[PDB]
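*Asks:* Build me a model:
(6 chains, ligands or ions: 12)
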Amino acid sequence: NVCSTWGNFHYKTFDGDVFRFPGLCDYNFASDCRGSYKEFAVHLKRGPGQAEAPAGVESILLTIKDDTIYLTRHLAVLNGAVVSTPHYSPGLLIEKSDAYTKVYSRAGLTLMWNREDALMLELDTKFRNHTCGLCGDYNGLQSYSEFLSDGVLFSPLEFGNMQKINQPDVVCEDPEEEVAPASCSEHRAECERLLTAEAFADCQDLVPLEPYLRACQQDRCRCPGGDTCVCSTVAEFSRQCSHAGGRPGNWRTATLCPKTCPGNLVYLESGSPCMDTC
Amino acid sequence: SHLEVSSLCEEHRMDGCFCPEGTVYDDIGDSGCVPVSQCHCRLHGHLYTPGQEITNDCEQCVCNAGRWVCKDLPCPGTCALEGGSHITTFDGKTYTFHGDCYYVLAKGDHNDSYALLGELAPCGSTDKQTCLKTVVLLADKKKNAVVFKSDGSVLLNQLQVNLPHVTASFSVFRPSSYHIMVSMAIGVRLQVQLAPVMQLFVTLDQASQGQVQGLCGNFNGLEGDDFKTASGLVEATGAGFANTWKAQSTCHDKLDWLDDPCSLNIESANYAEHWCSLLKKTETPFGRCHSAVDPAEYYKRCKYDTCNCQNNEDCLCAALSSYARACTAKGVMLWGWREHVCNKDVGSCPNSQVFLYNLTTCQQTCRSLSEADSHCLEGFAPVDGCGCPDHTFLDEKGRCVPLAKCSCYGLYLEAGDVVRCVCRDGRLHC
Amino acid sequence: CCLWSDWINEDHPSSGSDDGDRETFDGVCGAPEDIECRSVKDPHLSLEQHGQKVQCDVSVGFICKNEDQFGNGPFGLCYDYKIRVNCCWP
Amino acid sequence: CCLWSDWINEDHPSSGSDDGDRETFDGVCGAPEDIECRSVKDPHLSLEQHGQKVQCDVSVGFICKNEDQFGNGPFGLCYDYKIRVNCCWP
Amino acid sequence: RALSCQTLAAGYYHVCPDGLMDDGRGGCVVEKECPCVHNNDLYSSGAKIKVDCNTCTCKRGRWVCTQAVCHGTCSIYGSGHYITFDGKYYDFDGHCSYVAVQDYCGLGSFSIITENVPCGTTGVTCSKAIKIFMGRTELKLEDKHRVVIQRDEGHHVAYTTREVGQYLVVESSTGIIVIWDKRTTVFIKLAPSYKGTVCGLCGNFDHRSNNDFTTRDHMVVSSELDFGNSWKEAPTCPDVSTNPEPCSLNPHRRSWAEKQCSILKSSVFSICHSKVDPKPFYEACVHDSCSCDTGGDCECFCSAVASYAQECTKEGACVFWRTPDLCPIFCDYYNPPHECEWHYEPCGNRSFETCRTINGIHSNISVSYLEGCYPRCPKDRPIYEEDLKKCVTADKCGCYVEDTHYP
Amino acid sequence: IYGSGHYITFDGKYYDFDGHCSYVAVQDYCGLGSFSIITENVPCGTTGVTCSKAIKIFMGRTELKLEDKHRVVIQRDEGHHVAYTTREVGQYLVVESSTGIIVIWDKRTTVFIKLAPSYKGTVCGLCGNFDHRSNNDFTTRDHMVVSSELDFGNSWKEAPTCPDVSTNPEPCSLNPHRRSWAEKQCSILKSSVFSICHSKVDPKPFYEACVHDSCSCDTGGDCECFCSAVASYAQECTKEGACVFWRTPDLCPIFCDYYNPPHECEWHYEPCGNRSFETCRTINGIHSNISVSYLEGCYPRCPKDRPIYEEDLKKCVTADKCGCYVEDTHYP
Ligand SMILES: *[C@@H]1O[C@H](CO)[C@@H](O[C@@H]2O[C@H](CO)[C@@H](O)[C@H](O)[C@H]2NC(C)=O)[C@H](O)[C@H]1NC(C)=O
Ligand SMILES: *[C@@H]1O[C@H](CO)[C@@H](O[C@@H]2O[C@H](CO)[C@@H](O)[C@H](O)[C@H]2NC(C)=O)[C@H](O)[C@H]1NC(C)=O
Ligand SMILES: *[C@@H]1O[C@H](CO)[C@@H](O)[C@H](O)[C@H]1NC(C)=O
Ligand SMILES: *[C@@H]1O[C@H](CO)[C@@H](O)[C@H](O)[C@H]1NC(C)=O
Ligand SMILES: [Ca+2]
Ligand SMILES: [Ca+2]
Ligand SMILES: [Ca+2]
Ligand SMILES: [Ca+2]
Ligand SMILES: [Ca+2]
Ligand SMILES: [Ca+2]
Ligand SMILES: [Ca+2]
Ligand SMILES: [Ca+2]
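*Replies:* Numbering: from 1, shown residues only, chains lettered A, B, ... in the order given. Ligands and ions are numbered 1, 2, ... in the order given. Here you go:
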């Protein structure tokens, strides 16, 4: 299945489990904890803190079985050398659109990252009971061994600090427990009206509603003023829509998070990247 | 130099300028067909005359007619337990083990004499991140047990002791608060390091040669039989030899590990490359030792421990302080190698005393001057810690006052007391 | 007559002995007017989008030092660079 | 304190791109006093016993150009050279 | 008090009842019937193993072995790697002729010389010729063949040259044995009568390894480069002042070398991991493959993997590591056109009848661990005549006088 | 397509192109179409030359891919399924199609594409257009005949962001130290070993390819770059009527008794392929449309108690118990 992070520090494991971890240092996103031989490792590095509303990613570190891929915002580095994309070596495809940077590996790994904040990973069914990252394990059980290990229920803030990576020059402080705010239930009407629109018709049976509307609750009351946190969750709902197989419609109006592209390049959701180019 | 060439001469004869019947040609100097008993020797440079003796490592040699005649001198042997797991036996033979038990490091073979144990347990997360934790000494016909925990805390027979502690058969000192020096009358000397990581250095005389067993080998000159177990035959690997020296029967058996840690960790392997390369480049104060120590094997272990342990700077600074340790053992002392690399404790010395590189046992207080022949214990190595300069010996507490008003040690009285012995500079008028 | 030169890639990070990458304009021109500072395997990126710290001016040429790239990425090596120079002829 | 330097062999005839062999003293000293100009694989020969035409002075260093060795032997290549420099320290 | 048959000689410093003790196999065993452990295998009482010339016996949890003195072996292999007769490993990259073994040590009867030339561009050297001086006879091993030079008039110290697998084997009646894989690897063996009476780059063979760095002027030094520079044959040969690093002078060849040479630390050789230490054979293979940068580097590789697999056979673990993609071997080249007799025996262990050993002639060591192609002669002519690589009837083989085959 | 970027078109035009992208080799979507064959050229060395490391075959909606010494089926369509066949003949892998398209691959860098003569003048790509007239094989993607090898080859790249090749490298000039080995090993082709083929195949463009290939395998495994270039010449010699036996245990050895049941000796090295034995396809009428009996490799010589070679397991079987062969899959 799919692990994913997006928005203002929202996460989603291979078995659901949407939570919110505002850690800023350097983490393990998914890894092969089989024990005998590690096939892959994906290391996430949150930035210095962009602002209150967004939450970027500074760099992604990825090691597949012989070689190390280092992704930043502008360039992609394979084994210390800059690559021109697309890159076609016979176990590894690295290609760069105008929106996403994809990495396709024969080991059953697929990474896809727009270069600000949204990062998603896809693994095949070979790695079951072996993954050990912040994306949980890949057993299929909802919240079983991620949060309730030996009877004690781990909070999502102490589940994330366990997944940290120690770098041998820099001391980075873990984020402390904030005082428990009010459960923002005074904006459930706006998230339910917005996300179940007519454009999301043939995905109400594919992806659920309750996790991605729960994540919409904090994005309305932690991000006041401009709407830049609510349209990274419904932008993630229209990516989970168009990954199971469905096709969403256009929801971005001129007043609901518009996007601009030069020329007469109109923006759409669910259209093919294979363009005939004159 | 190359005598007896003509016994392997696959050439016919021609003309040219030659030697007479005897009178071999001078190669080492520059003269002609000199007699054989005027051949000047050579030894890394200098043109030694035929008869000039020299004092080498463990032997003394005299230049005979072209060849050296060497004769053995007594010299000790040193087993080291560095890092968490890097054993160097008495006869060379460095190996890596990664145990989890008490292990017999050296013990006397007769029935009693002594036994030196040591705990090599995992300290980090995995099993391959091991550390030394406890040194146990069983001395004086194995009725006295001395325990060296990894926080100081020397304790004899489950009871804390105060240092120094000088007895008839052994004595334990503490000169620099991260260094413990133990001397025995049998011929065994210990040096326990406490910071950054715990390490151990053992020294035997050459009278005990071929008369010890443990993880330090048998000390007989050959290093092919150091992996010879106590039941016959030589083992192949270090972890197969060392499972025969478990001091507890309920310990599991350990196995080797054919991996390097600098491939399993990509974030630690650039930090290991940048800082352990200072052992090999000559702009640093480590190129002074390159003529004596040959850092190519310290560089390989420096990368090993740095990529492996969880606190990477404590394994860097321990492996850089072991090249500097084994270079002062051959004369070349590195004054001031801690200025760019491991200086997180240099400036933290107290108000009067400074950071030294040649701190020894007999630079102590004026209470040590009261005995002055009882506890000095020559034969150890100098260590680096906080201490006082060339004068102004240490007082009873705090700063080190000069020699005139030091103390008069009975209780250490101040410099105003009259017995008829007026308290004076060091000595007393008694 | 102020034509640009060609691209000069006469040094590499994984070869040479200058511990980095240095490209100079000797054998072509004496005192240039302008210099262009790009990379080999992705030549539309600026020098601020590589993140490595270099100097690239008309006086001496291009200098990248591998010791300056410590702590920047996980690899710590210079990228492969190339330059043009602009010189005017009578 | 006017100790000699080491031997510097930082260039080769069958490698590099300067079409010959050039050895300079940068990274060691600024303004030397003396320079010694010898060969790698037979280091007791003078520069007049090699027969190749070079320049080797204290100002710029050592220069051998493969185009200058045409018509001299049957091979027409520079030999492999190495240098010392003499610099005084206070 | 809980003894364990492995902590007998430890001391019991810090389940089974009193009397009985654990054996590491299962239930509690008396002290008399206690087993033995050797290289991670568990041998019960009265078991027999061999160690290189001797025979041992698990008696009472300890080994009881016979005391005979075995032959001693010097090794020279790859890009300048050595193992002395007393087992000291070092590296020396010299470019001259060097004394390997001789007994003209301060008058003498033999000398073995090695000729080390640069193989690569990084400054490392490997061995390309062997000269054997026995009395006044001079052999020379050069260009995949042996050459006789200067055979003396009537003395003629009896030697024998035959080919065993992929290697060429010279033996002498005086106790000197040279084994050569026709490229760079040499094995010298001496009978145990040469104890403490030799010198050279192979040491002095006195079962004490802290004096193997004795120079030509009888001085024990601590440097690999002061010792090895003193055994050069010509005075005008240069001195080696440092050892090169090939994987640092060729950064682009490191990724291939460390991936091909990782077969040794893998599950293919996992039977030998408890019997031979793979770590100095992994480091030799990477040093050898980063430096064959002028041509033919898959020959530098396959020799380094067969130096490790030879020790594994010699210690009791036959491993079959070659595939048609990794270091292939071509043994059906030698067959009569499609009658299939030459088979690849990966660990040599087959004792067939030659036409020497049918007339009593036997060697003094066991060379039945040498990899190569071996015959399996049919049942109408089951006698292998070695100097023509033909299976013959026991009558019509040859003569073998003065080390020459006469039909 | 062979070695470090060497080509021969359907009309017999030899050229060199060292591109680093995906390139159209053959297609009939030429200005609607039924197939496409793509080559994936990556740098092999440090000098800037490239060699072919993957082949993608598009037939209708089926996509094969030849990668890592094996064939992989990708996107098998629902009910159309253009009938193809994959089998292994000697050292090579051979894909055949019912429509007339044949791809032969030595599992490293050498590819042979064959088309039935119904495709005359109806293809394009880096292999030309197959109209028996070779002064128009350098037609670019926009239907323009150019005279440059580098304007033609740069127009058949698949992605627009792939760079342009602006010069061809010279490997024996960028590696002067590898020239003496390369010109001495590759001189077998002009020697007395191949002297039966010297009057039937011109050795001169195979000598120059072998030296170009051996000066540039400078990162590892150069005795594989060599033995492939000597087997490209000896394959033409068999195809023209001259069987040459050039391999020795010191020069490019081959290991064919690896495949034997432990010491029963059936797999022999046939140096020029010419043997016609019974498989379990051809016992049921199934025959190919070309003659692949010139391909070097190890061939069986099955005994007289089971003389039928079942190919998908490399076993000699009795004529009854071989298999099924439905939808290109062996079922026991
Ligand atoms: C194996 O070693 C024996 C013992 O030295 C060799 O026997 C010697 O042979 C020579 C002539 O061949 C005689 O002069 C010696 O007297 C023999 N020694 C003894 C003790 O009798 C034997 O030759 C060696 N084997 C081979 C094949 O050479
Ligand atoms: C050899 O070529 C013939 C001629 O095209 C192939 O026969 C075709 O087979 C397909 C299905 O297999 C049919 O749809 C066509 O109608 C056949 N053609 C004719 C003219 O009848 C044959 O399949 C090819 N051989 C192989 C092994 O595929
Ligand atoms: C572990 O086994 C399989 C995969 O190995 C998986 O489907 C299953 O759900 C897992 N079970 C448990 C109890 O973790
Ligand atoms: C240590 O060395 C210093 C040299 O700077 C000098 O004070 C003296 O030789 C030593 N100090 C002692 C022995 O207290
Ligand atoms: Ca779970
Ligand atoms: Ca020993
Ligand atoms: Ca460089
Ligand atoms: Ca450059
Ligand atoms: Ca040059
Ligand atoms: Ca030079
Ligand atoms: Ca010895
Ligand atoms: Ca045409």
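*Asks:* going forward, measure contacts between C-alpha atoms and count neighbours the same way
*Replies:* Will do.
*Asks:* where exactly do the helices run in the stretch 201-350 of chain E?
*Replies:* Here the stretch 201-350 of chain E has its helices, by DSSP state H, counting those that start in this stretch, at E:224-228, E:246-249, E:254-260, E:279-289, E:298-315.
*Asks:* Likewise for chain A?
*Replies:* Per DSSP state H, chain A carries helices over the ranges A:156-161, A:188-195, A:210-221, A:234-244.
*Asks:* closest to ligand 11 out of the ones you listed?
*Replies:* helix A:156-161 (57.8 Å; Cα to the ion).
*Asks:* Could you tell me how far that closest one lies from the centre of the chain?
*Replies:* From the chain centre to the centre of helix A:156-161 is a distance of 17 Å (Cα atoms, centre = their mean, to the nearest Å).
*Asks:* quick one: is it near chain B?
*Replies:* No: applying Cα under 8 Å from any Cα of the partner chain, one finds helix A:156-161 separated from chain B by no less than 15.9 Å.
*Asks:* What residue in chain B comes nearest to ligand 9?
*Replies:* Closest point on chain B to ligand 9, by Cα to the ion, is residue B:281, at 24.9 Å.
*Asks:* give the contact list for that residue.
*Replies:* Residue B:281 is in contact with residue B:287, counting by Cα atoms under 8 Å, 6 or more residues apart in numbering or on different chains.
*Asks:* burial measure for the residue in the stretch 301-407 of chain E positioned nearest to chain D, as a count.
*Replies:* Nearest to chain D, among the residues of the stretch 301-407 of chain E, is residue E:301, at 25.8 Å (Cα to the nearest Cα). Residues lying near residue E:301 (other Cα atoms under 10 Å in any protein chain shown) number 24.
*Asks:* what's near enough to touch it?
*Replies:* Counting by Cα under 8 Å, 6+ apart, residue E:301 touches E:261, E:285, E:288, E:289.
*Asks:* Buried among these? Need that as a selection in ChimeraX.
*Replies:* Buried residues among the contacts of residue E:301 (16 or more other Cα atoms under 10 Å in any protein chain shown), as a ChimeraX selection:
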select /E:261,285,288,289
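*Asks:* could the contacts of residue E:301 go into CSV alongside distance to residue B:391?
*Replies:* Converted to CSV, the contacts of residue E:301 look like this (distance: Cα to Cα, whole Å):
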residue, distance to residue B:391
E:261, 60
E:285, 57
E:288, 57
E:289, 59
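*Asks:* now for the contacts of residue E:301, which pair is the farthest apart?
*Replies:* The distance between the two most remote of these (Cα to Cα) is 9.9 Å, for E:261 and E:288.
*Asks:* Can you give me the neighbour number for the residue nearest to residue E:32 when sequence neighbours are not counted?
*Replies:* Distances taken as Cα to Cα, 6 or more residues apart in numbering or on different chains put residue E:60 closest to residue E:32, at 5.4 Å, once the chain neighbours are dropped. For residue E:60, the count of nearby residues is 19 (other Cα under 10 Å).
*Asks:* didn't residue E:60 look like it was pressed against residue E:37?
*Replies:* No: using Cα atoms under 8 Å, residue E:60 is not in contact with residue E:37, being 11.7 Å away.
*Asks:* ok now do the spatially most central residue of chain C, which residues does it touch?
*Replies:* With distances taken as Cα atoms, centre = their mean, residue C:62 lies nearest the centre of chain C, 4.2 Å away. Residues near residue C:62 by Cα under 8 Å, 6+ apart: C:21, C:22, C:23, C:24, C:37, C:54, C:55, C:56.
*Asks:* A strand includes the first one, no?
*Replies:* Read that as residue C:21. Yes: under DSSP: H, G, I helix; E, B strand; the rest coil, residue C:21 falls within a strand.
*Asks:* Tell me what it is bridged to.
*Replies:* Taking DSSP bridges as the rule, residue C:21 bridges to residue C:64.
*Asks:* Is it in contact with residue C:63, as I believe?
*Replies:* Yes: counting by Cα under 8 Å, residue C:21 does reach residue C:63; the two are 6.2 Å apart.
*Asks:* Between these two, point out the one with more neighbours.
*Replies:* Between residue C:21 and residue C:63, residue C:21 has the larger neighbour count (other Cα under 10 Å), namely 26 against 17.
*Asks:* show me the contacts for that one.
*Replies:* Counting by Cα under 8 Å, 6+ apart, residue C:21 has contacts C:11, C:12, C:13, C:62, C:63, C:64, C:65, C:78, C:79, C:80, C:81.
*Asks:* Check the spacing between it and ligand 5 real quick.
*Replies:* Distance, residue C:21 to ligand 5, using Cα to the ion, to the nearest Å: 49 Å.
*Asks:* State the distance from that residue to residue C:35.
*Replies:* Counting by Cα to Cα, to the nearest Å, the gap between residue C:21 and residue C:35 amounts to 16 Å.
*Asks:* Which residue does chain E have closest to ligand 1?
*Replies:* residue E:173 (3.7 Å; Cα to the nearest ligand atom).
*Asks:* Give me the phi and psi angles of that residue.
*Replies:* Backbone torsions of residue E:173, given as degrees, to the nearest 10, read phi -70, psi -20.
*Asks:* Count the neighbours of residue C:26 for me.
*Replies:* 10.
*Asks:* what helix or strand is it on?
*Replies:* Assigning secondary structure by DSSP states H and E places residue C:26 outside every helix and strand.
*Asks:* Right, I'll call it a day here.
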